[PDB]
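Peer 1: Structure supplied as data.txt; contents: compact mmCIF, C-alpha atoms and all ligand atoms.
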# COMPACT_ATOMS: atom_id res chain seq x y z
CA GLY A 1 0.00 0.00 0.00
CA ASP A 2 1.88 3.03 -1.27
CA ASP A 3 -0.71 4.99 0.62
CA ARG A 4 -0.41 3.03 3.86
CA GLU A 5 3.36 3.50 3.98
CA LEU A 6 2.94 7.20 3.18
CA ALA A 7 0.34 7.52 5.91
CA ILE A 8 2.76 6.02 8.34
CA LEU A 9 5.55 8.43 7.33
CA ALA A 10 3.14 11.38 7.51
CA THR A 11 2.03 10.46 11.01
CA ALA A 12 5.62 10.02 12.17
CA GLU A 13 6.63 13.44 10.86
CA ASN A 14 3.54 14.95 12.50
CA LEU A 15 4.17 13.30 15.82
CA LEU A 16 7.85 14.16 15.84
CA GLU A 17 6.80 17.85 15.91
CA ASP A 18 5.49 17.21 19.43
CA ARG A 19 7.80 14.69 21.04
CA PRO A 20 10.97 12.74 20.49
CA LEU A 21 11.00 9.30 18.92
CA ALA A 22 11.48 7.70 22.36
CA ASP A 23 7.97 8.96 23.33
CA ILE A 24 6.19 7.84 20.13
CA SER A 25 5.19 4.19 20.25
CA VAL A 26 4.55 1.85 17.30
CA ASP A 27 0.92 1.86 18.47
CA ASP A 28 0.86 5.65 18.06
CA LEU A 29 2.09 5.45 14.41
CA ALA A 30 -0.36 2.76 13.60
CA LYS A 31 -3.36 4.67 15.18
CA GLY A 32 -2.40 7.78 13.29
CA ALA A 33 -2.16 5.95 9.99
CA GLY A 34 -5.50 4.10 10.41
CA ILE A 35 -3.88 0.64 10.59
CA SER A 36 -3.27 -2.09 13.06
CA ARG A 37 0.04 -2.72 14.79
CA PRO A 38 0.86 -5.85 12.87
CA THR A 39 0.00 -4.09 9.59
CA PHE A 40 2.52 -1.40 10.63
CA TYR A 41 5.15 -4.08 10.98
CA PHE A 42 4.54 -5.29 7.46
CA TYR A 43 5.68 -1.89 6.23
CA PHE A 44 8.55 -1.07 8.74
CA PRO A 45 10.35 -3.28 11.23
CA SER A 46 10.52 -0.58 13.89
CA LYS A 47 9.77 3.07 14.53
CA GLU A 48 13.51 3.61 13.95
CA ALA A 49 13.19 2.41 10.34
CA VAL A 50 10.39 4.97 9.92
CA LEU A 51 12.80 7.73 11.00
CA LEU A 52 15.47 6.40 8.74
CA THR A 53 13.11 6.51 5.78
CA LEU A 54 11.94 10.05 6.70
CA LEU A 55 15.59 11.19 6.90
CA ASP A 56 16.52 9.49 3.61
CA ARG A 57 13.75 11.35 1.95
CA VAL A 58 14.89 14.71 3.30
CA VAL A 59 18.57 14.13 2.51
CA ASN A 60 17.78 13.11 -1.02
CA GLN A 61 15.50 16.03 -1.50
CA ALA A 62 18.31 18.38 -0.47
CA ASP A 63 20.83 16.48 -2.70
CA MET A 64 18.53 16.55 -5.70
CA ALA A 65 17.97 20.30 -5.27
CA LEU A 66 21.72 20.96 -5.10
CA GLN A 67 22.27 18.85 -8.21
CA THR A 68 19.60 20.98 -10.01
CA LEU A 69 21.27 24.12 -8.94
CA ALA A 70 24.68 22.82 -9.92
CA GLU A 71 23.27 22.23 -13.44
CA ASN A 72 21.50 25.65 -13.39
CA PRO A 73 23.68 28.12 -11.48
CA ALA A 74 22.33 31.69 -10.77
CA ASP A 75 23.63 34.48 -12.99
CA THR A 76 24.80 36.85 -10.32
CA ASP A 77 28.02 37.34 -8.34
CA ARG A 78 29.95 34.79 -6.23
CA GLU A 79 28.41 35.80 -2.99
CA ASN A 80 24.90 35.42 -4.17
CA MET A 81 25.74 32.16 -5.84
CA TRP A 82 27.07 30.65 -2.66
CA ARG A 83 23.98 32.03 -0.83
CA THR A 84 21.78 30.18 -3.31
CA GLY A 85 23.44 26.86 -2.62
CA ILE A 86 23.58 27.17 1.14
CA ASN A 87 19.90 28.16 0.91
CA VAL A 88 19.10 24.73 -0.52
CA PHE A 89 19.98 23.23 2.85
CA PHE A 90 18.45 26.06 4.84
CA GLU A 91 15.13 25.66 3.14
CA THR A 92 15.15 21.89 2.75
CA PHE A 93 16.10 20.99 6.35
CA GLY A 94 14.20 24.04 7.60
CA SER A 95 11.00 22.69 6.11
CA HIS A 96 11.60 19.42 7.97
CA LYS A 97 12.74 20.52 11.32
CA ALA A 98 11.33 17.66 13.34
CA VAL A 99 12.79 15.03 11.05
CA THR A 100 16.11 16.85 11.08
CA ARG A 101 16.22 17.15 14.81
CA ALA A 102 15.28 13.49 15.40
CA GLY A 103 17.69 12.27 12.70
CA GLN A 104 20.52 14.10 14.43
CA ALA A 105 19.62 12.68 17.83
CA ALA A 106 19.63 9.24 16.22
CA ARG A 107 23.12 9.45 14.77
CA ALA A 108 24.39 8.48 18.22
CA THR A 109 22.37 5.29 18.49
CA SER A 110 21.77 4.18 14.94
CA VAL A 111 24.47 2.88 12.67
CA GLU A 112 22.28 3.24 9.59
CA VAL A 113 21.29 6.83 10.39
CA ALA A 114 24.92 7.61 11.05
CA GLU A 115 25.91 6.01 7.74
CA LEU A 116 23.25 7.77 5.77
CA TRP A 117 24.33 11.20 7.18
CA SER A 118 27.97 10.33 6.50
CA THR A 119 27.40 9.33 2.89
CA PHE A 120 25.66 12.54 2.05
CA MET A 121 28.01 14.82 3.95
CA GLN A 122 30.92 13.14 2.09
CA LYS A 123 29.21 13.95 -1.17
CA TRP A 124 28.40 17.49 -0.27
CA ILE A 125 31.93 18.15 0.99
CA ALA A 126 33.50 16.65 -2.11
CA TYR A 127 31.35 18.88 -4.28
CA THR A 128 32.23 21.99 -2.20
CA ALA A 129 35.91 21.06 -2.54
CA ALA A 130 35.63 20.75 -6.25
CA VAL A 131 34.02 24.17 -6.57
CA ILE A 132 36.72 25.72 -4.46
CA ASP A 133 39.31 23.91 -6.66
CA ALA A 134 37.66 25.36 -9.82
CA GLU A 135 37.60 28.80 -8.24
CA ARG A 136 41.29 28.55 -7.51
CA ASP A 137 41.98 27.25 -11.09
CA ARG A 138 40.12 30.34 -12.54
CA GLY A 139 42.27 32.58 -10.31
CA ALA A 140 39.26 33.83 -8.31
CA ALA A 141 40.22 32.18 -4.98
CA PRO A 142 43.67 31.98 -3.45
CA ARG A 143 45.45 28.70 -2.76
CA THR A 144 45.37 28.77 1.02
CA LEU A 145 44.17 25.72 2.97
CA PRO A 146 43.74 22.27 1.31
CA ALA A 147 40.37 22.64 -0.36
CA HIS A 148 38.88 19.49 1.07
CA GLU A 149 39.77 20.36 4.64
CA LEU A 150 38.36 23.91 4.21
CA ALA A 151 35.22 22.35 2.66
CA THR A 152 34.85 19.87 5.48
CA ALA A 153 34.97 22.58 8.28
CA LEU A 154 32.63 24.90 6.40
CA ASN A 155 30.07 22.04 5.83
CA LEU A 156 30.37 20.99 9.46
CA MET A 157 29.80 24.58 10.53
CA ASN A 158 26.71 24.68 8.42
CA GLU A 159 25.41 21.39 9.84
CA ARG A 160 25.83 22.48 13.48
CA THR A 161 24.75 26.15 12.92
CA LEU A 162 21.63 25.37 10.83
CA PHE A 163 20.50 22.66 13.24
CA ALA A 164 21.12 24.79 16.37
CA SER A 165 19.13 27.55 14.73
CA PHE A 166 16.18 25.35 13.77
CA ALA A 167 16.12 23.82 17.30
CA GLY A 168 16.28 27.33 18.95
CA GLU A 169 19.23 25.92 21.06
CA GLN A 170 20.92 28.30 23.46
CA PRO A 171 23.36 29.34 21.95
CA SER A 172 22.20 29.73 18.35
CA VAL A 173 22.06 32.26 15.59
CA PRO A 174 18.47 33.38 14.95
CA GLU A 175 16.96 31.51 12.05
CA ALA A 176 16.42 34.82 10.22
CA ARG A 177 20.12 35.64 10.45
CA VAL A 178 21.70 32.28 9.75
CA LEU A 179 22.03 32.45 5.99
CA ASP A 180 23.79 35.82 6.06
CA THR A 181 26.06 34.54 8.82
CA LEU A 182 27.09 31.36 6.99
CA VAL A 183 27.46 33.01 3.62
CA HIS A 184 29.83 35.64 5.12
CA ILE A 185 32.05 32.96 6.69
CA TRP A 186 32.09 30.91 3.44
CA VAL A 187 32.98 33.86 1.21
CA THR A 188 35.60 35.35 3.50
CA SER A 189 37.28 32.01 4.11
CA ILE A 190 37.22 30.82 0.49
CA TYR A 191 38.32 34.13 -1.15
CA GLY A 192 40.33 35.70 1.69
CA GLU A 193 44.10 35.96 1.88
CA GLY B 1 36.20 9.46 50.38
CA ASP B 2 37.83 11.98 48.07
CA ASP B 3 39.80 9.02 46.82
CA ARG B 4 36.81 6.74 46.31
CA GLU B 5 34.98 9.34 44.23
CA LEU B 6 38.16 9.98 42.23
CA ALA B 7 38.60 6.27 41.68
CA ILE B 8 35.11 6.08 40.33
CA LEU B 9 35.70 8.99 37.92
CA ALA B 10 39.03 7.48 36.82
CA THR B 11 37.42 4.13 36.06
CA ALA B 12 34.59 5.77 34.14
CA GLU B 13 37.01 7.75 31.97
CA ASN B 14 39.05 4.58 31.40
CA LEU B 15 36.05 2.51 30.48
CA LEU B 16 34.59 5.14 28.20
CA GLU B 17 37.72 4.74 26.02
CA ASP B 18 36.43 1.26 25.15
CA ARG B 19 32.66 1.47 25.02
CA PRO B 20 29.77 3.88 25.28
CA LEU B 21 28.06 4.67 28.55
CA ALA B 22 25.13 2.41 27.60
CA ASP B 23 27.53 -0.60 27.76
CA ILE B 24 29.18 0.31 31.09
CA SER B 25 27.13 -0.84 34.06
CA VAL B 26 27.18 0.56 37.61
CA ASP B 27 28.69 -2.80 38.60
CA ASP B 28 31.54 -2.16 36.17
CA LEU B 29 32.36 1.26 37.74
CA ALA B 30 32.21 -0.15 41.19
CA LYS B 31 34.51 -3.17 40.32
CA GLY B 32 36.99 -0.85 38.72
CA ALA B 33 37.06 1.47 41.70
CA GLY B 34 37.44 -1.35 44.28
CA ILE B 35 34.04 -0.69 45.91
CA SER B 36 30.69 -2.28 46.22
CA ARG B 37 27.62 -1.27 44.24
CA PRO B 38 25.85 0.35 47.14
CA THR B 39 29.03 2.25 48.06
CA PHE B 40 29.04 3.55 44.46
CA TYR B 41 25.54 4.86 44.98
CA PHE B 42 26.62 6.81 48.03
CA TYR B 43 28.91 8.83 45.77
CA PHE B 44 26.75 9.13 42.54
CA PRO B 45 23.09 8.40 41.94
CA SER B 46 23.69 6.91 38.51
CA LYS B 47 26.36 6.30 35.91
CA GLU B 48 24.92 9.37 34.16
CA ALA B 49 25.88 11.59 37.11
CA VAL B 50 29.42 10.19 36.79
CA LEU B 51 29.52 11.38 33.16
CA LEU B 52 28.12 14.71 34.13
CA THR B 53 30.85 15.18 36.73
CA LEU B 54 33.55 14.07 34.24
CA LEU B 55 32.23 16.58 31.69
CA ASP B 56 32.00 19.40 34.27
CA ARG B 57 35.59 18.82 35.09
CA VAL B 58 36.70 19.00 31.46
CA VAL B 59 34.60 22.07 30.65
CA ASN B 60 35.91 23.92 33.64
CA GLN B 61 39.44 22.96 32.86
CA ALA B 62 39.05 24.43 29.38
CA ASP B 63 37.32 27.58 30.80
CA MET B 64 40.00 28.11 33.43
CA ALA B 65 42.74 27.79 30.78
CA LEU B 66 41.04 30.35 28.54
CA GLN B 67 40.65 32.73 31.48
CA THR B 68 44.44 32.36 32.14
CA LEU B 69 45.23 33.08 28.59
CA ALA B 70 42.86 36.02 28.51
CA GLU B 71 44.82 37.47 31.48
CA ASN B 72 48.16 36.54 29.82
CA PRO B 73 47.82 36.96 26.05
CA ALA B 74 50.74 35.88 23.74
CA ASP B 75 52.97 38.64 22.39
CA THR B 76 52.76 37.80 18.73
CA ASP B 77 50.42 38.70 15.86
CA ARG B 78 46.62 38.29 15.65
CA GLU B 79 46.73 35.02 13.87
CA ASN B 80 48.95 33.38 16.35
CA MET B 81 46.95 34.82 19.19
CA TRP B 82 43.73 33.33 17.94
CA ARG B 83 45.59 30.03 17.35
CA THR B 84 46.64 30.05 21.00
CA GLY B 85 43.08 30.39 22.24
CA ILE B 86 41.53 27.86 19.91
CA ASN B 87 44.38 25.54 20.98
CA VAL B 88 43.07 25.65 24.55
CA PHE B 89 40.02 23.74 23.39
CA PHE B 90 41.95 21.54 20.99
CA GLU B 91 44.28 20.39 23.69
CA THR B 92 41.81 20.30 26.56
CA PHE B 93 39.04 18.32 24.82
CA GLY B 94 41.66 16.42 22.83
CA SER B 95 43.18 15.10 26.03
CA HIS B 96 39.72 13.87 27.07
CA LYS B 97 38.34 12.40 23.95
CA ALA B 98 36.22 9.70 25.52
CA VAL B 99 34.60 12.08 27.97
CA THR B 100 34.02 14.55 25.17
CA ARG B 101 32.48 12.02 22.88
CA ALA B 102 30.19 10.58 25.57
CA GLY B 103 29.20 14.05 26.83
CA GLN B 104 28.13 14.99 23.31
CA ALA B 105 26.11 11.80 22.88
CA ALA B 106 24.43 12.60 26.18
CA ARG B 107 23.28 16.10 25.25
CA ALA B 108 20.35 14.44 23.49
CA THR B 109 19.12 12.52 26.52
CA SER B 110 20.27 14.50 29.50
CA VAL B 111 18.89 17.86 30.45
CA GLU B 112 21.74 18.55 32.85
CA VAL B 113 24.44 17.66 30.31
CA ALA B 114 22.67 19.80 27.77
CA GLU B 115 22.49 22.68 30.26
CA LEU B 116 26.09 22.39 31.28
CA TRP B 117 27.25 22.49 27.60
CA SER B 118 24.91 25.43 26.95
CA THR B 119 26.16 27.49 29.87
CA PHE B 120 29.75 27.19 28.84
CA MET B 121 29.18 27.72 25.14
CA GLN B 122 27.22 30.90 26.03
CA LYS B 123 30.20 32.09 27.99
CA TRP B 124 32.72 31.25 25.36
CA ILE B 125 30.65 32.89 22.62
CA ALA B 126 30.12 36.03 24.66
CA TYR B 127 33.85 36.29 25.24
CA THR B 128 34.61 35.74 21.50
CA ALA B 129 32.05 38.46 20.70
CA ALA B 130 33.66 40.87 23.06
CA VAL B 131 37.09 40.31 21.53
CA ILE B 132 35.72 40.86 18.07
CA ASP B 133 34.00 44.04 19.39
CA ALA B 134 37.36 45.27 20.82
CA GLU B 135 39.09 44.46 17.55
CA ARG B 136 36.53 46.50 15.67
CA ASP B 137 36.84 49.38 18.22
CA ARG B 138 40.69 49.42 17.66
CA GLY B 139 40.05 49.57 13.89
CA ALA B 140 41.70 46.18 13.27
CA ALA B 141 38.51 44.32 12.20
CA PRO B 142 35.77 45.62 9.96
CA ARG B 143 32.17 46.05 11.11
CA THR B 144 30.57 43.32 9.04
CA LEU B 145 28.24 40.80 10.68
CA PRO B 146 26.81 41.32 14.22
CA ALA B 147 29.70 40.20 16.38
CA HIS B 148 27.68 37.82 18.51
CA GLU B 149 26.19 36.00 15.55
CA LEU B 150 29.64 35.67 13.90
CA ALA B 151 31.00 34.42 17.26
CA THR B 152 28.21 31.91 17.65
CA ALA B 153 28.77 30.29 14.15
CA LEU B 154 32.54 30.22 14.58
CA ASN B 155 32.22 28.55 18.07
CA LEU B 156 29.69 26.08 16.71
CA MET B 157 32.04 25.29 13.84
CA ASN B 158 34.78 24.63 16.30
CA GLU B 159 32.57 22.39 18.44
CA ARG B 160 31.45 20.21 15.51
CA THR B 161 34.87 20.22 13.70
CA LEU B 162 37.00 19.45 16.79
CA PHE B 163 34.66 16.68 17.90
CA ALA B 164 34.39 15.11 14.41
CA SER B 165 38.17 15.16 14.25
CA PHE B 166 38.71 13.55 17.65
CA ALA B 167 36.08 10.85 16.84
CA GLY B 168 37.70 10.16 13.38
CA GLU B 169 34.12 10.58 11.91
CA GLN B 170 33.77 10.30 8.16
CA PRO B 171 33.81 13.17 7.15
CA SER B 172 36.35 14.95 9.35
CA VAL B 173 39.44 17.07 9.12
CA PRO B 174 42.50 15.13 10.29
CA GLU B 175 43.35 15.94 13.87
CA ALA B 176 46.78 17.19 12.76
CA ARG B 177 45.19 19.70 10.40
CA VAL B 178 42.28 20.95 12.44
CA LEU B 179 43.90 23.87 14.23
CA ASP B 180 45.24 25.39 11.00
CA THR B 181 41.85 24.89 9.39
CA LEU B 182 39.87 26.59 12.18
CA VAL B 183 42.34 29.40 12.67
CA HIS B 184 42.18 30.26 8.93
CA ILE B 185 38.37 30.43 8.98
CA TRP B 186 38.37 32.55 12.18
CA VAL B 187 40.94 35.04 10.90
CA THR B 188 39.49 35.41 7.42
CA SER B 189 35.95 35.81 8.70
CA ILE B 190 36.79 38.21 11.54
CA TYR B 191 39.21 40.48 9.59
CA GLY B 192 37.92 40.02 6.03
CA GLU B 193 35.91 42.55 4.05
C1 LIG C 201 29.27 29.29 -6.16
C2 LIG C 201 30.04 29.64 -7.41
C3 LIG C 201 31.59 29.57 -7.32
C4 LIG C 201 29.53 28.78 -8.61
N1 LIG C 201 29.66 29.70 -9.78
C5 LIG C 201 28.05 28.42 -8.39
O1 LIG C 201 27.10 29.18 -8.68
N2 LIG C 201 27.69 27.25 -7.89
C6 LIG C 201 28.65 26.24 -7.39
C7 LIG C 201 28.48 26.26 -5.85
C8 LIG C 201 27.09 25.78 -5.49
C9 LIG C 201 26.93 25.74 -3.98
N3 LIG C 201 27.10 24.68 -3.29
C10 LIG C 201 26.88 24.98 -1.98
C11 LIG C 201 26.99 24.10 -0.95
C12 LIG C 201 27.55 22.91 -0.97
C13 LIG C 201 27.53 22.39 0.31
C14 LIG C 201 26.97 23.09 1.35
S1 LIG C 201 26.48 24.50 0.64
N4 LIG C 201 26.64 26.27 -1.85
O2 LIG C 201 26.61 26.78 -3.24
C15 LIG C 201 26.06 26.81 -6.08
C16 LIG C 201 26.27 26.95 -7.60
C1 LIG C 202 43.13 37.21 19.81
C2 LIG C 202 43.51 38.67 19.90
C3 LIG C 202 42.56 39.69 19.20
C4 LIG C 202 43.73 39.08 21.39
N1 LIG C 202 44.82 40.10 21.32
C5 LIG C 202 44.20 37.85 22.20
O1 LIG C 202 45.39 37.48 22.24
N2 LIG C 202 43.36 37.13 22.91
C6 LIG C 202 41.89 37.34 22.92
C7 LIG C 202 41.31 36.14 22.15
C8 LIG C 202 41.59 34.87 22.92
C9 LIG C 202 40.98 33.68 22.20
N3 LIG C 202 39.83 33.20 22.49
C10 LIG C 202 39.57 32.15 21.67
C11 LIG C 202 38.43 31.41 21.69
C12 LIG C 202 37.30 31.69 22.28
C13 LIG C 202 36.37 30.73 21.97
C14 LIG C 202 36.69 29.66 21.16
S1 LIG C 202 38.28 29.97 20.77
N4 LIG C 202 40.55 32.02 20.80
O2 LIG C 202 41.54 33.04 21.20
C15 LIG C 202 43.15 34.66 22.97
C16 LIG C 202 43.81 35.91 23.61
Show the structure stored in the file as structure tokens.
Ligand SMILES: CC(C)[C@H](N)C(=O)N1CCC(c2nc(-c3cccs3)no2)CC1
Ligand SMILES: CC(C)[C@H](N)C(=O)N1CCC(c2nc(-c3cccs3)no2)CC1
Peer 2:
Amino acid sequence: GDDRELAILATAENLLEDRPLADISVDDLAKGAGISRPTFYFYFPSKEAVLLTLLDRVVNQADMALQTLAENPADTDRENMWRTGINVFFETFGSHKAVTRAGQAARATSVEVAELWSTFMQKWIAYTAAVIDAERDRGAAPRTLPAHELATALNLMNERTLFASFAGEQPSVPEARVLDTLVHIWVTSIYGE
Amino acid sequence: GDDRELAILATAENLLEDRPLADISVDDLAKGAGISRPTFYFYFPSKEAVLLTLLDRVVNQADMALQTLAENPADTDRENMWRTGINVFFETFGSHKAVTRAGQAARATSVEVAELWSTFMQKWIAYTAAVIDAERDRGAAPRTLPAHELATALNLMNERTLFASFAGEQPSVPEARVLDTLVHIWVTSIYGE
């Protein structure tokens, strides 16, 4: 049932708005999707697999959007171009705050969640490194740090800063200031001597 | 028993090198400290309180070292000065990797751990913001982003980058490259137009 699986995922994202995964039971997901507990278990082996699927969907949505942008870059200056790409993650994770938050909490306890996050961060960092490489090859960025190490810290910064902001952690940058903040630190560190 | 409590904390830090807190039992801490289980419970209510005390000790050690440096700044240029301060956290958390790692895992499940981390990050970010303010007042740094928002992202970057490095996460900057990486991104973003 494409619909029954989707109903489960929809309920899980809705419930995660209100509590952590530890406080949502399989019976809760089933009730919300209009199904029995054993029917639930035909579609997912555990409420953890539900979170893993929700996170996979969000990570691929962000990845697909970055691939589109990479094929269709904005015709504007460097700063606004980097803003556009960082915005892909700001708007994609920011429209799925509860999934994002729960997926991060899970990295500690779930090998598959951890792996899924790893895989995509590796990809995103390799792409950032290749852009910085191209920028250096064009003579637009100086050859300062190793591009992949610079890319790794800047992507890590974005991961921690975006997610603190969407969780309203203390300390955090306000959500309405976070793009400006990250784009400044990316531009100054990639183009600065 | 100042010694019995210390023996408990020493065992916990030693065991956390090998497994997560979830796989260390109260009986394990007691055996390692040469005490019985109920004696253990006279000193700490739970193995979680042991981790909280271990983390408090590490956070205060880092905070005290930064306060010393702030009173006794290095006589060298801006870059090397910022390197010295970031190094306080590199060497302090880096000499307590297992406590650091477990303390981060715990932020998700423990209000007190979360609070303790928050308190100190707030302090460290306020201090960074005040240095950037002073640098702008001296005319050495330009007035670009709000200093406290810049300080917050750069401290968050350090938190996530240092801890990925010490955990050998994939992706991470190699531990032997992380100071250079962070100091470049701090200097370029604080002094760059
Ligand atoms: C950004 C400039 C150098 C390039 N001309 C361009 O427009 N694009 C390549 C960079 C790309 C981008 N990626 C990213 C991110 C990758 C990882 C986190 S943010 N941010 O912007 C946007 C499109
Ligand atoms: C750094 C310059 C502007 C100042 N003259 C100085 O030497 N100090 C103030 C900054 C201080 C410092 N703090 C930090 C960090 C604070 C938070 C994370 S790192 N890094 O360096 C070192 C001493």
Peer 1: Go through chain A residue by residue and, counting all atoms listed in the file, keep those with an atom at most 9 Å from ligand LIG 201 (chain C); for each kept residue give the shortest atom pair and its distance in Å to one decimal, ordered by chain and increasing number, as a Markdown table.
Peer 2:
| residue | atom | partner | partner_atom | distance |
| --- | --- | --- | --- | --- |
| A:66 | CA | C:LIG201 | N3 | 6.8 |
| A:67 | CA | C:LIG201 | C8 | 8.9 |
| A:69 | CA | C:LIG201 | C16 | 5.9 |
| A:70 | CA | C:LIG201 | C16 | 5.0 |
| A:71 | CA | C:LIG201 | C16 | 8.1 |
| A:72 | CA | C:LIG201 | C16 | 7.6 |
| A:73 | CA | C:LIG201 | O1 | 4.5 |
| A:74 | CA | C:LIG201 | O1 | 5.8 |
| A:75 | CA | C:LIG201 | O1 | 7.7 |
| A:76 | CA | C:LIG201 | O1 | 8.2 |
| A:77 | CA | C:LIG201 | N1 | 7.9 |
| A:78 | CA | C:LIG201 | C2 | 5.3 |
| A:79 | CA | C:LIG201 | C1 | 7.3 |
| A:80 | CA | C:LIG201 | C1 | 7.8 |
| A:81 | CA | C:LIG201 | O1 | 4.3 |
| A:82 | CA | C:LIG201 | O2 | 3.9 |
| A:83 | CA | C:LIG201 | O2 | 6.3 |
| A:84 | CA | C:LIG201 | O2 | 5.9 |
| A:85 | CA | C:LIG201 | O2 | 3.2 |
| A:86 | CA | C:LIG201 | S1 | 4.0 |
| A:87 | CA | C:LIG201 | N4 | 7.5 |
| A:88 | CA | C:LIG201 | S1 | 7.5 |
| A:89 | CA | C:LIG201 | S1 | 7.0 |
| A:121 | CA | C:LIG201 | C13 | 8.4 |
| A:123 | CA | C:LIG201 | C13 | 8.7 |
| A:124 | CA | C:LIG201 | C13 | 5.0 |
| A:125 | CA | C:LIG201 | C13 | 6.1 |
| A:126 | CA | C:LIG201 | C13 | 8.6 |
| A:127 | CA | C:LIG201 | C12 | 6.5 |
| A:128 | CA | C:LIG201 | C12 | 4.9 |
| A:129 | CA | C:LIG201 | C12 | 8.7 |
| A:130 | CA | C:LIG201 | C6 | 9.0 |
| A:131 | CA | C:LIG201 | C6 | 5.8 |
| A:132 | CA | C:LIG201 | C3 | 7.0 |
| A:134 | CA | C:LIG201 | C3 | 7.8 |
| A:135 | CA | C:LIG201 | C3 | 6.1 |
| A:140 | CA | C:LIG201 | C3 | 8.8 |
| A:151 | CA | C:LIG201 | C13 | 8.0 |
| A:154 | CA | C:LIG201 | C14 | 7.8 |
| A:155 | CA | C:LIG201 | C14 | 5.5 |
| A:158 | CA | C:LIG201 | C14 | 7.3 |
| A:159 | CA | C:LIG201 | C14 | 8.8 |
| A:183 | CA | C:LIG201 | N4 | 8.7 |
| A:186 | CA | C:LIG201 | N4 | 8.9 |
Peer 1: Residues near region 1-7 of chain B, anyone? I mean within 8 Å using all atoms listed in the file, not counting same-chain ones fewer than 2 positions away, as an MDAnalysis selection string.
Peer 2: chainID B and resid 9:11 32:33 35 43
Peer 1: Adding 6 Å on each side of the box along x, y and z that holds all listed atoms of ligand LIG 202 (chain C), could you give its centre and edge lengths in Å to one decimal, as JSON?
Peer 2:
{"center_x": 40.9, "center_y": 34.9, "center_z": 21.4, "size_x": 21.0, "size_y": 22.4, "size_z": 16.4}
Peer 1: Measure the distance from CA of residue 100 (chain B) to CA of residue 178 (chain A) in Å and round it to one decimal.
Peer 2: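 Value for the CA of residue 100 (chain B)-CA of residue 178 (chain A) distance: 26.5 Å.
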Peer 1: Using only C-alpha atoms, determine which residues of chain B fall within 8 Å of chain A; present them as a PyMOL selection string.
Peer 2: chain B and resi 105+108+118+121-122+145+149-150+152-154+156-158+160-161+170-173+177+181-182+184-185+188-189+192-193
Peer 1: Can you list, as a list in words, every protein, DNA or RNA residue that comes within 10 Å of residue 92 (chain B) when you count all atoms listed in the file, leaving out same-chain residues fewer than 3 positions away?
Peer 2: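 What passes the distance filter is residues 58, 59, 60, 61, 62, 63, 65, 87, 88, 89, 95, 96, 97 and 100 of chain B.
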Peer 1: So the first atom is CA of residue 13 (chain B) and the second is CA of residue 26 (chain B); what is the distance between them in Å, to one decimal place?
Peer 2: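 So the answer is 13.4 Å.
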Peer 1: With distances taken over all atoms listed in the file, which of B:25, B:36, B:68, B:165 is nearest to residue 48 (chain B)?
Peer 2: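 Closest residue, counting all atoms listed in the file: B:25.
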Peer 1: Take region 31-38 of chain B, model N, CA, C and O atoms, and hand the result over as a PDB file, keeping the file's coordinate frame.
Peer 2:
ATOM      1  N   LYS B  31      33.363  -2.238  40.487  1.00  0.00           N
ATOM      2  CA  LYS B  31      34.510  -3.170  40.320  1.00  0.00           C
ATOM      3  C   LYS B  31      35.786  -2.421  40.006  1.00  0.00           C
ATOM      4  O   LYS B  31      36.802  -2.530  40.697  1.00  0.00           O
ATOM      5  N   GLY B  32      35.745  -1.585  38.954  1.00  0.00           N
ATOM      6  CA  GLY B  32      36.990  -0.850  38.720  1.00  0.00           C
ATOM      7  C   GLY B  32      37.443   0.028  39.827  1.00  0.00           C
ATOM      8  O   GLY B  32      38.641   0.202  40.033  1.00  0.00           O
ATOM      9  N   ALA B  33      36.543   0.646  40.598  1.00  0.00           N
ATOM     10  CA  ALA B  33      37.060   1.470  41.700  1.00  0.00           C
ATOM     11  C   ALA B  33      37.361   0.728  43.006  1.00  0.00           C
ATOM     12  O   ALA B  33      37.730   1.369  43.994  1.00  0.00           O
ATOM     13  N   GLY B  34      37.142  -0.579  43.023  1.00  0.00           N
ATOM     14  CA  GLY B  34      37.440  -1.350  44.280  1.00  0.00           C
ATOM     15  C   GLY B  34      36.363  -1.151  45.370  1.00  0.00           C
ATOM     16  O   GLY B  34      36.717  -1.133  46.555  1.00  0.00           O
ATOM     17  N   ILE B  35      35.112  -1.024  44.956  1.00  0.00           N
ATOM     18  CA  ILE B  35      34.040  -0.690  45.910  1.00  0.00           C
ATOM     19  C   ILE B  35      32.858  -1.499  45.575  1.00  0.00           C
ATOM     20  O   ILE B  35      32.726  -2.082  44.502  1.00  0.00           O
ATOM     21  N   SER B  36      31.895  -1.577  46.509  1.00  0.00           N
ATOM     22  CA  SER B  36      30.690  -2.280  46.220  1.00  0.00           C
ATOM     23  C   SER B  36      29.668  -1.423  45.488  1.00  0.00           C
ATOM     24  O   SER B  36      29.853  -0.169  45.477  1.00  0.00           O
ATOM     25  N   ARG B  37      28.639  -2.011  44.902  1.00  0.00           N
ATOM     26  CA  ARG B  37      27.620  -1.270  44.240  1.00  0.00           C
ATOM     27  C   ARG B  37      26.945  -0.271  45.184  1.00  0.00           C
ATOM     28  O   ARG B  37      26.762   0.869  44.898  1.00  0.00           O
ATOM     29  N   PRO B  38      26.520  -0.690  46.407  1.00  0.00           N
ATOM     30  CA  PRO B  38      25.850   0.350  47.140  1.00  0.00           C
ATOM     31  C   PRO B  38      26.832   1.500  47.605  1.00  0.00           C
ATOM     32  O   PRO B  38      26.402   2.627  47.888  1.00  0.00           O
TER      33      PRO B  38
END
